[PDB]
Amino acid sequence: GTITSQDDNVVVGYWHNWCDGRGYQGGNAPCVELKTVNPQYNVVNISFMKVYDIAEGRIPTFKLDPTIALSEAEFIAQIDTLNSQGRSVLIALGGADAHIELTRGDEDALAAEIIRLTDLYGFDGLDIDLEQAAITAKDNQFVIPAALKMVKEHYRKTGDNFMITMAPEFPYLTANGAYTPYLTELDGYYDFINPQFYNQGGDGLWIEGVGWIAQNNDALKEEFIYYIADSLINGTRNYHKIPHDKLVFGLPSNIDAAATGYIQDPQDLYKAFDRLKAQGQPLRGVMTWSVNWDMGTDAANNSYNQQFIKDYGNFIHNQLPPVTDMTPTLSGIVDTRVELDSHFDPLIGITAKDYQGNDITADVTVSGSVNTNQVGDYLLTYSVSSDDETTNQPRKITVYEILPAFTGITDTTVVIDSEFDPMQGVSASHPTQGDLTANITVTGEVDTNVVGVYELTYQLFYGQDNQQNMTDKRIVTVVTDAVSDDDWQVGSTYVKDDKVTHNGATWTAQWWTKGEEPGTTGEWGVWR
């Protein structure tokens, strides 16, 4: 077959390149010939392209499991058959223990190996299905989008749509989440995303009238499907936007296919989906792990007998064809903090694209304006238009100031007659304005010829025309060097003519004393 792409809704099914996988609930998933896969699965993802031997290098490849009982040529033939029925067969990159850890540079090698495998086997496109660890290892986040841009472009040059899809676990689709770069860089190259809405247990989202809606809540499945898809297709509730024409809802086929997330009652999905249609945003399909599980058996060796395609095939296929959301996208708009009087440029870091990925960054315009010279908030509003759609998006700019700091204004003690320089070891700074030492004034003086405590007020005058002030204080204590009589202690014993210092004066004991405070013994007592 040629490159066979899908225009209408999809029911995507993954296909195990292995036999007899064990189910979360004791069941079994046999390998199955491609040709035996129910026809209503119009996208069949071959699982998985990975690194098979670290010895062959870092570029992952695909090696058919011979134990499946298909020769190379026979597999090529069954792919051919699927392609003549108008169905697509994708190569699925990743899965559990992928060993995919790419380094910048590798993008050309990956691209070539993807083209080789697509030509050899007759694949119609590639599904990015990276396991948790691999989403972010080394430079995957750069290499895999780079590679795929080249594959897409290569097949475009011969008039074909090489399909790109992606199956991220739904909690990576938040606004700054780990799948960000895949979605961003492949914007306008990808055909649809099939997020996995299973295996995340209690993860989910808060919705005001209803509360917490968990992926593992069988009582609220309709709400789960409805709200999480509504969130994605509008890019609300802290999720990256996936237009609805491009959103396919990934589920397990039964309780053996995944730990959690199987839909017990299909109606929840019909109703959820219908509610999305009733707001003018019909989804593009369902996806499932996996056709093998749908043809598999439970732990009593009862066959599941295609229950999933039974519940959803007709439902998804008997829907109007998708209508493409042509809203363009903005990018790099983060609320920002600028220091008072700094230079700020509102376009730097902003970019934009049409719905096909073309850079339309030139077309961006901005409403409102900021005064770097006046502390406070300022609100801007970016806009870009393409193909008679318009996206806007707003941005908060907050001008703030910083206080300077003093240094060396520490209480200090000095000796009589020494020289004292009240700016010795003293300075002031600010991150913008730099060295402020010349902007400090000193109130008060120290007389180092005269024992005593001297209070200095330091003032720093900063800002524009020096009209902002801060104040610190310091105590400079001038002390005599001249040695004198030891202080009186209540514990010592003193004798006639012993002398002591106490409370500023020098006393002479008139006779034997212990524990009598000098100054407290009156006109004719022991201390004089």
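Sequential numbering from 1, following the sequence displayed.
Colleague: When the Cα temperature factors in the entry are averaged, is it 400-408 or 212-220 that ends up higher?
Modeller: Going by the record's values, the stretch with the higher mean is 400-408.
Colleague: Between 308-316 and 375-383, point out the one with the higher average CA B-factor as the PDB entry records it.
Modeller: On average, C-alpha B-factors are higher across 375-383.
Colleague: Say you rank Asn199, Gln424, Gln281, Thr180 by Cα B-factor from the PDB entry; which sits at the top?
Modeller: Going by the entry's C-alpha B-factors, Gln424 comes out highest.
Colleague: What's the residue among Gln467, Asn28, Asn38, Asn503 with the greatest CA temperature factor in the PDB record?
Modeller: Top of the list by C-alpha B-factor: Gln467.
Colleague: Would you mind checking where the Cα B-factor of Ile255 ranks among the modelled residues of its chain, as the lowest, middle or highest third?
Modeller: Middle third - that is where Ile255 ends up once the chain's C-alpha B-factors are sorted.
Colleague: What third of the chain, by the recorded C-alpha B-factor, contains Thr61?
Modeller: Middle third - that is where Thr61 ends up once the chain's C-alpha B-factors are sorted.
Colleague: Where does the C-alpha B-factor of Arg22 rank in its chain, lowest, middle or highest third?
Modeller: Middle third - that is where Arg22 ends up once the chain's C-alpha B-factors are sorted.
Colleague: Is the Cα B-factor recorded for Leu34 in the lowest, middle or highest third of its chain?
Modeller: Answer is lowest: the recorded C-alpha B-factor places it there.
Colleague: Using the B-factors in the PDB entry, rank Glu389's C-alpha atom against the chain and give the third, lowest, middle or highest.
Modeller: Its C-alpha B-factor belongs to the highest third of this chain's values.
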